[PDB]
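Novice: An experimental structure, sequence included, is below.
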Amino acid sequence: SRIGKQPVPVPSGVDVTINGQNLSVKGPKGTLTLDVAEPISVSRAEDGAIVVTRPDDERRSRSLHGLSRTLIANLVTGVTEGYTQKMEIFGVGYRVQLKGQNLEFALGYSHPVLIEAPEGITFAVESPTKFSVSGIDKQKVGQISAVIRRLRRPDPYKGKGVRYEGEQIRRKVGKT
Amino acid sequence: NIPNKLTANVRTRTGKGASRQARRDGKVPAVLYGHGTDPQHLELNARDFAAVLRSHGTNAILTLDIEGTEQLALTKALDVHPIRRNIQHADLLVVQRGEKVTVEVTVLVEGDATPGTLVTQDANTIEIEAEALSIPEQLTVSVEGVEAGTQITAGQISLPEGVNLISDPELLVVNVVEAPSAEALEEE
Amino acid sequence: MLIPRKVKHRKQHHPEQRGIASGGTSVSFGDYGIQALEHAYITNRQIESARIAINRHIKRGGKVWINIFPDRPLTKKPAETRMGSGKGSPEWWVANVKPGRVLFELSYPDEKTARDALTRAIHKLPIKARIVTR
Amino acid sequence: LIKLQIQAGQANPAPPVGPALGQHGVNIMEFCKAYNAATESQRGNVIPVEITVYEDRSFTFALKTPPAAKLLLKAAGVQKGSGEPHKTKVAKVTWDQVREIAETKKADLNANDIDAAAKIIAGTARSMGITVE
Amino acid sequence: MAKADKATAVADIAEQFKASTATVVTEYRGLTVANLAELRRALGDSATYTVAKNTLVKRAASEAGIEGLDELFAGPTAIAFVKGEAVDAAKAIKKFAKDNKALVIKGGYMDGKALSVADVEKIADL
Amino acid sequence: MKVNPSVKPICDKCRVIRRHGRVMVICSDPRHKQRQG
Amino acid sequence: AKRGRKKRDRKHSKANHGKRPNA
RNA sequence: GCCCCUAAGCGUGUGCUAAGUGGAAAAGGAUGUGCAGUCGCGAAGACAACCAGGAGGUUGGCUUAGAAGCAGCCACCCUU
RNA sequence: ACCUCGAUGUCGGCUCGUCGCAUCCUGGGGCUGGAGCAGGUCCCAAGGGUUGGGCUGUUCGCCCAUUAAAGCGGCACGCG
Ligand SMILES: [Mg+2]
Ligand SMILES: [Mg+2]
Ligand SMILES: [Mg+2]
Ligand SMILES: [Mg+2]
Ligand SMILES: [Mg+2]
Ligand SMILES: [Mg+2]
Ligand SMILES: [Mg+2]
Ligand SMILES: [Mg+2]
Ligand SMILES: [Mg+2]
C-alpha cells in the first residue's frame, strides 16, 4: 500500500511499453519484461513514470500492490544500471578462478568444482579469493549468489567457505 | 457529583421470556420500587448504562426520563452474572433530592509501605451515609511509611464533609504485615 | 497436601457437577483471582501442584489464597477384582468445582508477575480458567 | 579504555587488573613502576586509574580520585560496610572530614559547587547504607 | 519512563535554559562509548552532552520566548546548549560536525531570535 | 529444528511467522528455530 | 475404538436427531 | 432432499470460508480472516525505516578468588 | 459376557507369506555443551536387508562368534 501508492521514476534513457497486463522495458544494460497482476492496473503517467493502482482494498490487492510496484522498480533499475553481487572466499587453501565463462572453485574437496554462468548473468574475479557476479535480473543474480554460497557447508569454527561482500556469519570455538 | 441522565421506557410485558428478549435486544430490565411508591418496571439501554457504570458507577446517582417525566434514582444492587459480565437486572431507588441514604462505597489503597512489608485489603466496601447528590464514588486510604503489623480500621478513614460511617469503627479494612518469606509461603 | 482431619461419612455418591457456581464467584481476599469455566473435580494433588507453582513463581512476596478445600472422597476398586463387592475405599480427595467459582487468589503487587503466576497455576489444572481482578 | 581500582601500597595485582589489561597487549613492568613512583606520595589510600590505551600501544595513566565507597568507609573508620541500605550502621562521620574528602574529589565529580559535591556524596553514602550526622 | 520523572526532567530543562545563553540544533546520537566519552570530556569545559524527548522539549519551550520552536518540533530535533563563551563552542561544534560527517547542524537561538545556518556560520567566526 | 505442537518466541528478537499451512519461529539464533507439528 | 467412534459420530446426523440405537 | 447416480432448485437476497473446512476428537500453540465495544499515541507530524547513543558518583553494597548493568540476595538512589 | 458348548482344536518349532512405521541399517536434512573420527536429539523416508549356534518346551531372556543390523507389531497372541 504505502509502496504501491508511490510512482516509479523512469530515467531518461529508458523506453517503457505497456500493453494490457504485460509491460516491457528497454535500457542500456538490456531489456526486460513483466506481467503485472490482474487485479492491479498499471499505467504510464504523462511524466513518463509508471503507477500501479488497485480497484479495491482487499487483502489480495493490498498485498499485490507493493509487490508489483517493487517488481517494476527492480526491473527498471536492472535495465538501467543492472545488479551486481560481490563475494569472498575464506580459509587457507580455498581458491577460485575464472575458466572462460565458468568459475572453477577449489575448496578443499578432492576434485575442483565448476559453476557455469547461465544466460543474462556473468562473473568476474579481482583476486584468487575475491569475485563477483553481475547481471540484469535481480532474481537470477540472487539465485546464483545463493547457489555459490551454499556450494560449501557453513563452517562456524574456522569460517571456511563462501561469503558475501559484507557477510556476518556466526562463529563458535572448539576448546578441545 | 452531578446526576447522569438516561432514558427509560416501561416494560410492556414481564417474565423471564420478556427479560431474555430485552437482553437480546440490548436492553436491561430495571425496577423503581422507590421510597414507598408503586414499583415501576423500566427498560434501560445496556450500552449507555454500562458506560455510566464504568465512568462513575458503584451506586451512581441517575436521572431517568420515563416518558418525559424526569425522576432521580439511585442504584442499590447489581447482579451482573456468575460467569460472564452482562447487566441482566437493575434496582433503582428514588432519592427525592435531599434524602440521607446509606450505601457501600469502595475503598482504595494508595501509597507504598515499608519495602519489607505487604498490604492486604480485607474489606472492599464500607457502609457510608451521605446526601443523595453528595455520595462519594470512592474512598481513599493512604499507606506511607507504615510498618509491619499495622491494622487500619474503618474509623481511621478520613470521610468528606456531610459523610458518616454506619459500620462499626473497629472493622479492619487494611492490614500491613511483614513480607512473608519462602518458608512462610511454602508452609501454607 | 490438603485432607480433612475426619469426615462423618467415608463413602459418597460422586457429588454431582451441574449448574453454575452460586457462591465464591467474586474475589474477596486476594487481588487477582482465577475463575474456572468448566465443571470438574479438582484433586488435592492438583491443588498442591498449583500452590507450589505459584509459590515458586513468586519469591518472598505476595500472598496466596485457596478458596476450595478437597473434602469429597472418591472410592476405587482394587483394580483387579471382579465387578460386585463392598464399595471400594477412598484413595484421593477432590473438590467439586463449578464454572464461575474462584479457586485461587493472589495479592502480589506486580500485576504482570501475578498474571504470569496465575497462568502457570491454571496450566496445572484439568479445566479452563481466566484471570480476574478485584 | 577501562577504569580499575587498586590499592596504593601494592605491586603486580593479578586478579583485578591482570587479565583486564594484559589481554590488550600492554607492558606491565614500566606501567607498575610508574604507578608506584606516582603513588609513593600518598601510600595511604586506595587510588583507582582510568587507563586510556592508545593506538601505538602507548599509555598516559590519568590518576583519578579515590572511590567514594572506600572514602566513606575510611571516614567512618570501619573497613567492611553494611549490606542493607538504611538498616545497619557502622560508625559516625564528621562534617569536616566530609568537606575534606569533597575538596579532594571535586576534580572528578560532575558537581559544580561544594554543596552539590556534598549532596552527591551523601546520596552515595545513603545508597551504600551509611549516614553522616 | 515515568510521568513524575518526565516532569522533573522538564523542570531541569527550564532551570538550565534559564542559565544557558547560546544553543545550536544538531543530533545527539554521537558515536561509540569511548569516543563519545572523549567528546564529552572535551566539551565539558563549556557545554554538556544530553538528550531528551519530543514531548519534553515541547512542554519546555513554553517557559522562554522560544514558542517558535513548534515548527522545529514538528518532526525530530536535538539541541545543544552552551554555558561559557559561544564563539568557541560553536567553532568546536562545527569542527566536530565537519570531522564526523554524521552530526548535522541546522541553526541556533540567541537574543530571543532564531538564526539560520548561514547566519550562525557567519557569526561564529566573530 | 524443534518440531513440537507448541511454538513460542524464546528471545526478544525471535519472530513468529506463518509458513505453508503452519506456524513457525525464526531468528538469527539457530537454536530458537522451531516448527509446529 | 475407531468403529465405535464412527458410530457415535454418525449418531449426530440431521436425519436421526442426535439419537441412535446402541449409542 | 432438489448437480448425475436418484424424483425434485448447477433457486433468490444479504455475509463468511482457502482449510476440501464441509467430509471425526482433547490440553495447549498461533501477526488467518469478518463484525462490534473499549484504551495509549497522533498533522502540537503517530509507528517502522534511510542515518546516527545510553554519562559521573560507581566496580551501589553481602555473596564470591570474582558479580565492573546483565548465578543470586537487599534496596533500586544523588549529580551532569 | 454380545454370535459361537446338536465342536471356533489351545503354547511352540518347520514351510509359507501379506501389511503399518512408533525406522536396527542403508538415504536426505535441522540443532548440538558438533575441533576431526566417533556421538546425543529431532524431521522425512518401508525400496531392500535384518546371521549361525549353547541353555532351557519354551514366548521371553542370558551367553559365544561375526555383520549394518541381527527392529517393534497386526493378519483367530497369522499359518495343525
Ligand atoms: Mg434428476
Ligand atoms: Mg480441531
Ligand atoms: Mg454345525
Ligand atoms: Mg465344525
Ligand atoms: Mg516417519
Ligand atoms: Mg522405486
Ligand atoms: Mg537350534
Ligand atoms: Mg511379521
Ligand atoms: Mg495362534
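Specialist: Perfect, I can see it now. Numbering: from 1, shown residues only, chains lettered A, B, ... in the order given. Ligands and ions are numbered 1, 2, ... in the order given.
Novice: Against residue G:1, how distant is the closest residue to RNA strand I within chain G?
Specialist: For chain G and RNA strand I, the shortest gap (C-beta to the nearest atom of the strand) falls at residue G:22, measuring 10.1 Å. Quick note: C-beta positions are derived from backbone N, CA and C, even for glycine. Separation of residue G:22 from residue G:1 (C-beta to C-beta, to the nearest Å) stands at 15 Å.
Novice: What residues does the most centrally placed residue in chain F make contact with?
Specialist: The centroid of chain F falls nearest to residue F:25 when counting by C-alpha atoms, centre = their mean (1.8 Å). When contacts are counted by C-beta atoms under 8 Å, 6 or more residues apart in numbering or on different chains, residue F:25 touches F:7-10, F:14-17, F:32-35.
Novice: Check for me that residue B:22 belongs to a strand.
Specialist: No: remark: residue B:22 does not belong to a strand; assigned using DSSP: H, G, I helix; E, B strand; the rest coil, it is helix.
Novice: RNA strand H contacts on chain G?
Specialist: G:5, G:9, G:14-15 (C-beta under 7 Å from any atom of the strand).
Novice: Give me the subset of those residues that lies in helices.
Specialist: G:5, G:9 (DSSP state H).
Novice: okay if I get the residues of chain G next to RNA strand H as TSV plus neighbour count?
Specialist: Output for the residues of chain G next to RNA strand H, formatted as TSV (neighbours: other C-beta atoms under 10 Å in any protein chain shown):
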residue	neighbour count
G:5	9
G:9	9
G:14	6
G:15	4
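Novice: For chain F, just list every one of the strands.
Specialist: Along chain F, counting by DSSP state E, strands occupy F:2-3, F:15-19, F:22-26, F:34-35.
Novice: Let me know which of these is tucked in deepest.
Specialist: Comparing these by mean neighbour count (mean count of other C-beta atoms under 10 Å in any protein chain shown), strand F:34-35 ranks first with a mean of 18.
Novice: do that strand and RNA strand H meet?
Specialist: No: applying C-beta under 7 Å from any atom of the strand, one finds strand F:34-35 separated from RNA strand H by no less than 9.2 Å.
Novice: ok, residues contacting that strand?
Specialist: F:1-4, F:7, F:19, F:22-25.
Novice: Stretch E:112-126 now?
Specialist: E:24, E:64-66, E:68, E:86-87, E:90-91, E:94, E:105-109.
Novice: Can you point out the buried residues in that stretch?
Specialist: Within stretch E:112-126, the residues scored as buried using 16 or more other C-beta atoms under 10 Å in any protein chain shown are E:114-115, E:120, E:124.
Novice: What of stretch B:142-152?
Specialist: For stretch B:142-152, the neighbour count (16+ other C-beta under 10 Å) marks B:143, B:146, B:152 as buried.
Novice: Report the separation between the two terminal residues of that stretch.
Specialist: Counting by C-alpha to C-alpha, to the nearest Å, you get 10 Å between the two ends of stretch B:142-152.
Novice: can you check stretch A:163-175 too?
Specialist: Stretch A:163-175 end-to-end distance (C-alpha to C-alpha) = 25 Å.
Novice: Please apply the same query to stretch D:12-29.
Specialist: Stretch D:12-29 end-to-end distance (C-alpha to C-alpha) = 9 Å.
Novice: right, is it up against RNA strand H?
Specialist: Yes: against RNA strand H, stretch D:12-29 shows contacts by C-beta under 7 Å from any atom of the strand at D:15-16, D:20.
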